[PDB]
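Shown here is one chain on its own, the form deposited in one PDB entry, set out as structure tokens.
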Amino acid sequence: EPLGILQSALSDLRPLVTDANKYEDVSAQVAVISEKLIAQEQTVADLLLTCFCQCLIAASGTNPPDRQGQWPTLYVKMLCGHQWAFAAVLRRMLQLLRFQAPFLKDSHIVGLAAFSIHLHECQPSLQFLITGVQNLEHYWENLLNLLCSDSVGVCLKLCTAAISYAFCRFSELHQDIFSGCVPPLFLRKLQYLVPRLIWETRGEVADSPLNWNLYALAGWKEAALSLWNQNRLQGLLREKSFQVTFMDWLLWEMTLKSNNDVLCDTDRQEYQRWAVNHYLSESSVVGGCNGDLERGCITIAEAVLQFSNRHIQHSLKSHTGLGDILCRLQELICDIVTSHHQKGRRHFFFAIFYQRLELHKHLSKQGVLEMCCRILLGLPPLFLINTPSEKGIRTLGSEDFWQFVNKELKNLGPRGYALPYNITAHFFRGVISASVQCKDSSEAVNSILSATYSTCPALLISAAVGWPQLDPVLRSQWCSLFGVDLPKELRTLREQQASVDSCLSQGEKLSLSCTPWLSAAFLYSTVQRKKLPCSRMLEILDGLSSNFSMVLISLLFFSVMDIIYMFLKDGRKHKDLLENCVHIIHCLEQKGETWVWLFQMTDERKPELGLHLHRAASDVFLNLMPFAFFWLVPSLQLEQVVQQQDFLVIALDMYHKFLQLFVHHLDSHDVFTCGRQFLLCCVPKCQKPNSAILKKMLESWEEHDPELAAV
């Protein structure tokens, strides 16, 4: 009968406590026997916890806690001295707080809070055979960082009775050592949950509470308010072990479930619009900003780049407080670009991304370069531009989005030669929303888009690929600000597109404007978009121009990249494309040119036309170019790829890279043979011992390092 005696004892302990009968405690030791007579159960926990939760409220009324006795200490001892029950009550408490958080009473809460404090007093209570937790301290965060997200109206009515009990138990001594009785974390969530829920104590800057009135209180809006004004507390949450800060606030507001909250969506945004301003007017000793605004955006981005890491969340957690935060970050960005002393420097907000990409140099182009966009979009299309104000002239330019977009194009693996569209519209839509500030709003654009074409090609080629979805925006904007003719750099593009969409129909001619690699993009993308074959592209073209070949090279490049994309999707070859290219080559082989310098993954001697192309291509792809160089080289003549200049110096320098990938096993044969037969009837460098050496082992370098000397 391990139960009957249990209830008999925990009942005899009921009346014996109404009066502090001296030394009437050994009846505690008795229960030990009972517990020793019982060691699935999950009831000993509740049986032993209700004794406390009921004897407290039963004695209270006869006397206040301080003048109550030495009872709870001995109870906690007789409980903890058997390190198996102490491994259960914790579990039942955490189990009933979370799941049935609302299905609780107003008299069981305090019964757990006081027990929690009493636990904190017996720090020697430390068990190690409890998976998930190591020490006691961890338990507090473990349960509270789950309560303050699922249900907030129970982390306040549980972190208030604890204080109202501590300030009635130990409120006899401890002028200074008081701090150390309560657990620290309790005394922080208050500082974050009280104002939020009730406004009467937002910004405003006695003996004791009403003698433990909680047992027959009239509410919680006055028991949480009769305690926030207590001059003994407001002079207590200033030490370091009770100091809430700015980042540690975002980390908790980002985790509130929109649903299960208690505030309407049009009331939990005033709280943020106030707090974000209360933490910007502070000192850094506390952790808050010193009155600036830079440190108010750096510190909101450095948290979003830290809360997503634990939410990989493949393709569910309810709508987090996230998003809202990013709306209180643009209401603040419109206050440092719209001003009269701009001095428009933006080196910051980008060096913040140069760090996360160096922690692991969840790859870069998987889950971090998709937040450097979700952020960079929610902003206005003006922040991407500098807007200097040297002497009121207020010229235009950009040097921190180019130097950066040249290292985030590695994101879009779909195409490889292009950015996405949604990050190319903001730019062109910004240079139009910034010229306004200038005097002649149609003489800066001509300057920006002319400095471009030489510093950030990768942005135009993503326009060319999207023109028919973009023109009716720029036009309707320049015709909505002021009805004046377009500039000479958002117009040339319309002409170069119309000189295409017509001549593809029924055939007339092509105009061949100055820069090749833009006309070629227009042409190729239009073909692809109209589903035409690859035979019109090659007949509607000049034959006597000095700017013909430089179009065909560029046309071969996109074909290569499309092959490579088709390989990274249900790996195969897509035979048809391998034909187009060879035609292209034959369309330029009776002119005496050199197409083999796209396959130089360096910058040694490539004429200026490649750099402006390779500096637009991702690096996920140029690591594969060899996977495409040994498919369309053998599909050519065995002799029309040798009259060139320095051929094999690319061939074998590329085979050196075809191996690192292994460590198409069926393609190893074709590479081993085609990069083995040319080496006889090749350039006049060597006549033997080079094919032998190549057959020896993977020592092409050990001999080439000396062979390339003479050649």
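Residue indices: 1-based, along the sequence shown. So that the term is clear: the rigid core is the largest set of C-alpha atoms that superpose within 1.5 Å between two forms.
Heads up, the form deposited in another entry isn't pictured, but that's what we're talking about next.
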| task | Once the rigid core is lined up, just say which one of 607, 124, 507, 472 has a C-alpha that travels 2 Å or more between the shown form and the other one. | result | 124
| Relative to the superposed rigid core, does the CA atom of residue 548 travel 2 Å or more between the shown form and the other one? | no
| request: State yes or no: after fitting on the rigid core, is the Cα displacement of residue 354 between the shown form and the other one at least 2 Å? | output: no
| request: State yes or no: after fitting on the rigid core, is the Cα displacement of residue 383 between the shown form and the other one at least 2 Å? | output: yes
| query | How does the CA gap of residue 589 and residue 627 change in the other form versus this form, closer or farther, if it moves 3 angstroms or more? | reply | farther
| So the Cα-Cα distance between residue 447 and residue 344 shifts by 3 Å or more in the other form; is it shorter or longer than what we see here? | farther
